Amino acid sequence: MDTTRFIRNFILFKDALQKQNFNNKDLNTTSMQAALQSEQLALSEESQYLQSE
Amino acid sequence: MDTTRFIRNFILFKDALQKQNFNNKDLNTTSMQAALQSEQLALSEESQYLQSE
Amino acid sequence: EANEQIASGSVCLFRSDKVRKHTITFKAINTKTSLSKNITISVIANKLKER
Amino acid sequence: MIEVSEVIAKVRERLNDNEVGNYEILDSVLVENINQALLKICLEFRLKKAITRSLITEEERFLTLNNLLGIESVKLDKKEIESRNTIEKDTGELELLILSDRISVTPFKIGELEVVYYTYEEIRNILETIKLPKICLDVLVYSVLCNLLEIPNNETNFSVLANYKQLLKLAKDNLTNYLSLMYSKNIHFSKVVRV
Amino acid sequence: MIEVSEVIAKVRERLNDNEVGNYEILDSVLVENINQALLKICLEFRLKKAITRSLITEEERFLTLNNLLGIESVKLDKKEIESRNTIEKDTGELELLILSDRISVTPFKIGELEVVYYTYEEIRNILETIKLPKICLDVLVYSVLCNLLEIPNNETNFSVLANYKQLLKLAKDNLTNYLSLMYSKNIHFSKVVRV
Amino acid sequence: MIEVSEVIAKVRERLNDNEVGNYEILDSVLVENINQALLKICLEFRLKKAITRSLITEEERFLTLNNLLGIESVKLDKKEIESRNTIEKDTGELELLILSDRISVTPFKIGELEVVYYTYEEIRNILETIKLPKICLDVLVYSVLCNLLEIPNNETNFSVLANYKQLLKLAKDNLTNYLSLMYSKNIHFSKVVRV
């Protein structure tokens, strides 16, 4: 993974899933899983953007 | 993922699934999962639109 | 946006801290001639953090 | 005194409908449901006692009350009226005729009526104010909220309604506590039966 | 004395809303809920007794109290007032008329009223201070927290509310312990019935 | 005597927050919670008895105590004061007026007050020391720990709180054992009732 993009996506997913509606452990876990899936998607984004460029 | 398209799709899925019928945590979770699937589809949309162009 | 150097060569990492639409100019100077090119990167605020 | 704004705000928050723009539940619906809640609350607890002392003659025979819930004492020229009826008996014992918020005397006799009854003072605008003790707030919310939860928005709405029923029961217990502390004697022993 | 800041901080921490920037729950909502909690706490435990000794004449007939919860003793010229009513009886026994935080005497007689009642001293600002024993802190939190948990943020909010109800019951037990130690006799035996 | 450092360290270890750099729970929060725990512990077990023997005259009428929990004996010029009240009765029997950590005499009489009461000596700094028996350590931890476990960090926080409640009950049993061994008679038989 890329680290800083993972940190920004983790922060953004903790902002979208607002923590008032969430237990903290499940919030951090769901944000981490969604950020890992976002990294797996962003790899293919990098490949497609290189091809389009 | 692309961030601003994810934010707009998250907002639109929270408008479609109206929050009067939804508990807030499950609403935000289903909107986040649908927005991630929409990003995974929009990658292939970008590839197909580049090919069609 | 006027001449302010923000990178070194062929790659740029554009942090904004603004709201406006920025216009970044790629510049290739040489002993013979020089070239420039414009790109427009629009910044928005987070819709979730607002109100 | 309770403002309608705070009842409405609590109900909107509880229904996950605290959005100014959308308002999935129209304010007319909320004001009607609040009127229903005031009905039930004032009936069950006999909150509002009103006294009306008018005169009935052969010209006008009926006494038009307003938002009637029940009659607990009737006097005609300082004479107790005993039975209640809705049938307009021709003659016999002297009874009180009730005609759906119109009061008269059955074997009609000229005189005056001193009637004790119960009232709503229901609301019609969001900017109005409910003249009830503040302790009655939670019983107004939890009672109007159970009236709206049974819109089929969610598949688990009835369990939520069941939880709000217990919350309403506790609120009514608090209200009974308040009413006993206000309008009841401060006694600690009973009296011996005297026959 | 309890500062409102510490009650608010505990509630914010407990609601997973201890974020200065966001504040998903507005401070107006918290102050209103704290007022409700003070209502319920002061009603159930009769925490605050107040004495008012005014005079009623034909010019002004009513005694305006404030944040009334209950009346436990009324004297008129050092004469006990016995019954309570809200109907303005014309004549008969001498009763106390209660008009939703206005006190008078029903078959009106010129004189003075010495009334013992209960009070809120509710709050309106986050920087205020609640004049209650510190032992009352946990009962204020756990009671206002059960009022906010039933916003449908989570699908398991009502079980959490049920847990907080038991916690509140224990807090009330502690408060009763304190009140008995303060305002009750230190006795260890009963007295024989004397008839 | 218990140092605050060791209570804090045990709580940090138990909360999986024994990290010097991070400190997810601020030390102000811990010191406030420890003050709450000292409140509850000293109230329930009547740990600290204090005696104050001052004089009240017409100039200064009230006796300002500190961290009051309960009054168990009042003497005025070696005369027992019987009842307790908070209402400032004008005349009658001689009662003790309590004004939220201010003590006076209700139908005021010049004299002296010898009052036995209970105290906190609460803490405000992490480097302070709690003047309590060391056996009271586990009851301070397990009681302050149940106050912090109900922050919604985990979905299984309330079962953990329930376990810590039983642990706290055992700690209180140990504390009662200690208190009986210290401040109670060493007797093995009862006395016959003498009437």
# chains A, B, ... in the order shown; residues from 1 in each chain; ligands from 1

$ residues_around --residues "residue A:22" --least-positions-apart "4" --cutoff "9 Å" --atoms "only C-alpha atoms" --output "ChimeraX atom specification"
/A:17-18,26-27 /B:25 /E:16,153-154 /F:152

$ write_last_selection --atoms "N, CA, C and O atoms" --output "PDB file, in the first residue's frame"
ATOM      1  N   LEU A  17     -18.325   7.787   7.895  1.00  0.00           N
ATOM      2  CA  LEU A  17     -18.921   7.088   9.020  1.00  0.00           C
ATOM      3  C   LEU A  17     -18.646   7.910  10.266  1.00  0.00           C
ATOM      4  O   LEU A  17     -17.574   7.783  10.860  1.00  0.00           O
ATOM      5  N   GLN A  18     -19.578   8.773  10.656  1.00  0.00           N
ATOM      6  CA  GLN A  18     -19.336   9.644  11.797  1.00  0.00           C
ATOM      7  C   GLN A  18     -19.384   8.848  13.095  1.00  0.00           C
ATOM      8  O   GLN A  18     -20.216   7.954  13.267  1.00  0.00           O
ATOM      9  N   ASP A  26     -15.326  -0.875  15.992  1.00  0.00           N
ATOM     10  CA  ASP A  26     -15.934  -1.210  14.709  1.00  0.00           C
ATOM     11  C   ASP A  26     -15.776  -0.085  13.697  1.00  0.00           C
ATOM     12  O   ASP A  26     -15.640  -0.355  12.499  1.00  0.00           O
ATOM     13  N   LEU A  27     -15.758   1.167  14.163  1.00  0.00           N
ATOM     14  CA  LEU A  27     -15.516   2.299  13.273  1.00  0.00           C
ATOM     15  C   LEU A  27     -14.118   2.242  12.678  1.00  0.00           C
ATOM     16  O   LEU A  27     -13.947   2.363  11.457  1.00  0.00           O
TER      17      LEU A  27
ATOM     18  N   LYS B  25     -26.247   4.421  11.543  1.00  0.00           N
ATOM     19  CA  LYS B  25     -25.032   3.640  11.328  1.00  0.00           C
ATOM     20  C   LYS B  25     -25.164   2.735  10.109  1.00  0.00           C
ATOM     21  O   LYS B  25     -24.268   2.693   9.257  1.00  0.00           O
TER      22      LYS B  25
ATOM     23  N   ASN E  16     -19.632   9.337  22.525  1.00  0.00           N
ATOM     24  CA  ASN E  16     -18.615   9.305  21.481  1.00  0.00           C
ATOM     25  C   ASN E  16     -18.674  10.577  20.649  1.00  0.00           C
ATOM     26  O   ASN E  16     -18.472  10.565  19.436  1.00  0.00           O
ATOM     27  N   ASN E 153     -29.086   6.621  16.507  1.00  0.00           N
ATOM     28  CA  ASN E 153     -27.768   6.600  15.888  1.00  0.00           C
ATOM     29  C   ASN E 153     -27.317   5.183  15.573  1.00  0.00           C
ATOM     30  O   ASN E 153     -26.657   4.951  14.556  1.00  0.00           O
ATOM     31  N   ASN E 154     -27.657   4.231  16.428  1.00  0.00           N
ATOM     32  CA  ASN E 154     -27.180   2.866  16.316  1.00  0.00           C
ATOM     33  C   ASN E 154     -28.341   1.899  16.473  1.00  0.00           C
ATOM     34  O   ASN E 154     -29.358   2.215  17.092  1.00  0.00           O
TER      35      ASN E 154
ATOM     36  N   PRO F 152     -17.737   4.296  24.958  1.00  0.00           N
ATOM     37  CA  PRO F 152     -17.999   3.256  23.952  1.00  0.00           C
ATOM     38  C   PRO F 152     -16.804   2.898  23.086  1.00  0.00           C
ATOM     39  O   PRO F 152     -16.900   2.931  21.858  1.00  0.00           O
TER      40      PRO F 152
END

$ residues_around --residues "residue A:20" --least-positions-apart "5" --cutoff "12 Å" --atoms "only C-alpha atoms" --output "tab-separated table (two decimals) with N, CA and C atoms, in the first residue's frame"
chain	number	residue	atom	x	y	z
A	14	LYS	N	-13.35	7.76	8.41
A	14	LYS	CA	-13.80	8.07	9.76
A	14	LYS	C	-14.61	9.36	9.81
A	15	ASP	N	-14.49	10.22	8.81
A	15	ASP	CA	-15.38	11.38	8.73
A	15	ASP	C	-16.73	11.03	8.11
A	27	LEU	N	-15.76	1.17	14.16
A	27	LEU	CA	-15.52	2.30	13.27
A	27	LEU	C	-14.12	2.24	12.68
B	24	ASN	N	-28.93	5.32	11.58
B	24	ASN	CA	-27.88	6.16	11.00
B	24	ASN	C	-26.61	5.37	10.68
B	25	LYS	N	-26.25	4.42	11.54
B	25	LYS	CA	-25.03	3.64	11.33
B	25	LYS	C	-25.16	2.74	10.11
B	28	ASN	N	-25.16	4.95	6.89
B	28	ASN	CA	-23.82	5.37	6.48
B	28	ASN	C	-23.00	4.19	5.97
E	12	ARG	N	-20.61	14.16	26.67
E	12	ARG	CA	-19.96	14.13	25.37
E	12	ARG	C	-19.06	12.92	25.23
E	13	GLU	N	-18.28	12.60	26.26
E	13	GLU	CA	-17.41	11.44	26.20
E	13	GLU	C	-18.22	10.17	26.03
E	14	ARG	N	-19.32	10.05	26.77
E	14	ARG	CA	-20.12	8.84	26.76
E	14	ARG	C	-20.85	8.63	25.45
E	15	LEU	N	-21.13	9.70	24.71
E	15	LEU	CA	-21.86	9.63	23.46
E	15	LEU	C	-20.92	9.52	22.27
E	16	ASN	N	-19.63	9.34	22.52
E	16	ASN	CA	-18.61	9.31	21.48
E	16	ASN	C	-18.67	10.58	20.65
E	17	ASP	N	-18.97	11.69	21.32
E	17	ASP	CA	-19.07	12.99	20.68
E	17	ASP	C	-18.22	14.01	21.43
E	18	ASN	N	-17.01	13.63	21.80
E	18	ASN	CA	-16.09	14.54	22.47
E	18	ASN	C	-15.18	15.23	21.47
E	19	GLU	N	-15.77	15.83	20.44
E	19	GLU	CA	-15.04	16.52	19.40
E	19	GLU	C	-15.44	17.99	19.40
E	22	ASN	N	-16.89	19.30	15.79
E	22	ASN	CA	-18.11	18.77	15.18
E	22	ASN	C	-19.35	19.09	16.00
E	23	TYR	N	-19.42	18.58	17.23
E	23	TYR	CA	-20.57	18.78	18.11
E	23	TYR	C	-21.87	18.39	17.41
E	24	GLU	N	-22.00	17.09	17.17
E	24	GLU	CA	-23.21	16.58	16.53
E	24	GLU	C	-24.45	16.90	17.35
E	25	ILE	N	-24.31	17.01	18.67
E	25	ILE	CA	-25.41	17.42	19.54
E	25	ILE	C	-25.16	18.85	19.97
E	148	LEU	N	-30.69	10.82	25.65
E	148	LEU	CA	-30.07	11.05	24.35
E	148	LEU	C	-29.73	9.77	23.62
E	149	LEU	N	-29.59	8.65	24.33
E	149	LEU	CA	-29.26	7.39	23.70
E	149	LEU	C	-30.35	6.90	22.76
E	151	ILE	N	-31.93	8.62	20.55
E	151	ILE	CA	-31.74	9.04	19.16
E	151	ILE	C	-31.25	7.85	18.35
E	152	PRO	N	-31.84	7.55	17.19
E	152	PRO	CA	-31.51	6.30	16.50
E	152	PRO	C	-30.16	6.31	15.79
E	153	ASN	N	-29.09	6.62	16.51
E	153	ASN	CA	-27.77	6.60	15.89
E	153	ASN	C	-27.32	5.18	15.57
E	154	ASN	N	-27.66	4.23	16.43
E	154	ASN	CA	-27.18	2.87	16.32
E	154	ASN	C	-28.34	1.90	16.47
E	157	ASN	N	-28.95	0.80	20.33
E	157	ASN	CA	-29.01	1.90	21.28
E	157	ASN	C	-29.88	1.58	22.48
F	151	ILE	N	-17.28	4.34	28.46
F	151	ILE	CA	-16.96	5.02	27.19
F	151	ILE	C	-17.05	4.00	26.06
F	152	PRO	N	-17.74	4.30	24.96
F	152	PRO	CA	-18.00	3.26	23.95
F	152	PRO	C	-16.80	2.90	23.09
F	153	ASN	N	-15.68	2.53	23.70
F	153	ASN	CA	-14.52	2.14	22.92
F	153	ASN	C	-14.74	0.81	22.22

$ select_by_dssp --residues "chain B" --states "alpha helix (DSSP H)" --output "JSON list (two decimals) with C-alpha atoms, in the first residue's frame"
[["chain", "number", "residue", "atom", "x", "y", "z"],
["B", 3, "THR", "CA", -12.27, 11.31, -3.40],
["B", 4, "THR", "CA", -14.77, 13.92, -4.62],
["B", 5, "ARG", "CA", -16.75, 11.43, -6.71],
["B", 6, "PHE", "CA", -16.88, 9.22, -3.60],
["B", 7, "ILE", "CA", -18.20, 12.15, -1.54],
["B", 8, "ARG", "CA", -20.87, 12.99, -4.13],
["B", 9, "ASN", "CA", -21.93, 9.35, -4.46],
["B", 10, "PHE", "CA", -22.03, 8.98, -0.66],
["B", 11, "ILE", "CA", -24.27, 12.05, -0.43],
["B", 12, "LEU", "CA", -26.50, 10.79, -3.27],
["B", 13, "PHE", "CA", -26.86, 7.35, -1.69],
["B", 14, "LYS", "CA", -27.76, 9.00, 1.61],
["B", 15, "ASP", "CA", -30.41, 10.94, -0.32],
["B", 16, "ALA", "CA", -31.78, 7.85, -2.09],
["B", 24, "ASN", "CA", -27.88, 6.16, 11.00],
["B", 25, "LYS", "CA", -25.03, 3.64, 11.33],
["B", 26, "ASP", "CA", -26.52, 1.17, 8.84],
["B", 27, "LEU", "CA", -27.40, 4.06, 6.52],
["B", 28, "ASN", "CA", -23.82, 5.37, 6.48],
["B", 29, "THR", "CA", -22.44, 1.83, 6.13],
["B", 30, "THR", "CA", -24.69, 0.88, 3.19],
["B", 31, "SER", "CA", -24.01, 4.23, 1.50],
["B", 32, "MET", "CA", -20.26, 3.73, 1.94],
["B", 33, "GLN", "CA", -20.36, 0.18, 0.53],
["B", 34, "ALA", "CA", -22.49, 1.27, -2.43],
["B", 35, "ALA", "CA", -20.16, 4.22, -3.06],
["B", 36, "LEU", "CA", -17.13, 1.91, -3.04],
["B", 37, "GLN", "CA", -18.87, -0.40, -5.52],
["B", 38, "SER", "CA", -19.70, 2.68, -7.61],
["B", 39, "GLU", "CA", -16.01, 3.63, -7.64],
["B", 40, "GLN", "CA", -15.09, 0.08, -8.71],
["B", 41, "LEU", "CA", -17.62, 0.39, -11.54],
["B", 42, "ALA", "CA", -16.50, 3.91, -12.48],
["B", 43, "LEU", "CA", -12.94, 2.67, -13.06],
["B", 44, "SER", "CA", -14.25, 0.40, -15.82],
["B", 45, "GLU", "CA", -16.41, 3.31, -16.99],
["B", 46, "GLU", "CA", -13.26, 5.43, -17.39],
["B", 47, "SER", "CA", -11.56, 2.64, -19.35],
["B", 48, "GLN", "CA", -14.57, 2.11, -21.63],
["B", 49, "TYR", "CA", -15.03, 5.85, -22.20],
["B", 50, "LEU", "CA", -11.35, 6.21, -23.11],
["B", 51, "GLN", "CA", -11.71, 3.33, -25.59],
["B", 52, "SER", "CA", -14.91, 4.81, -27.05]]

$ select_by_dssp --residues "chain D" --states "strand (DSSP E or B)" --output "PyMOL selection string"
chain D and resi 2-3+49-56+63+71-76+80+83-85+95-98+103-105+111-118+129-130

$ closest_residue --among "E:193, E:187, E:150, E:135" --to "chain A" --atoms "only C-alpha atoms"
E:150
